[PDB]
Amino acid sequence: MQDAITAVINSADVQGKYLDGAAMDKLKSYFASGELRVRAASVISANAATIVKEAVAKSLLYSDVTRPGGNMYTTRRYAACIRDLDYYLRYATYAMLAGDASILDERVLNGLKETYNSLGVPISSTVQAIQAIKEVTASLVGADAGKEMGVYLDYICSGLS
């Protein structure tokens, strides 16, 4: 994985260059965004279980997905689904903190689509729940932090589709 600083450093290193003005401007942007990112990470950590249960209530409960024939039927599958959502929120928070999506490619999305397809986990419904996580999260961390989290939750969704 890389965070936003290592990403800019790597782009320079592979050219054998010191960081130029444009590169330093990218670092300045990330350094200045520190308070935003750290506060949002603290809020999400403190509210992680609530965010997931509210997202599930909005997007999945009382639907076909939780009835026999649906992929959340059986307590075992219900719990597995919740666990997935716990994962997506935690890893999106990592990526938001890092200002970089690489940890998502390396540790979330790698072979995930094939795993779901083999098991019959519905992509459409999963993406709907992640989108619900995005909106619940935004209601708590505010508009500006909500946008950053939205980038990385959207990233996971795009990677599944």
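For every residue, the number given is its place in the sequence shown, counted from 1.
Between 114-122 and 55-63, it is 114-122 that carries the larger average Cα temperature factor according to the deposited entry. Comparing 9-17 with 138-146, the higher mean C-alpha B-factor in the PDB entry belongs to 138-146.
For the set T50, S33, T93, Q131, the PDB entry puts the maximum C-alpha B factor at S33. Split the chain's modelled residues into thirds by C-alpha temperature factor. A40 is in the middle one.
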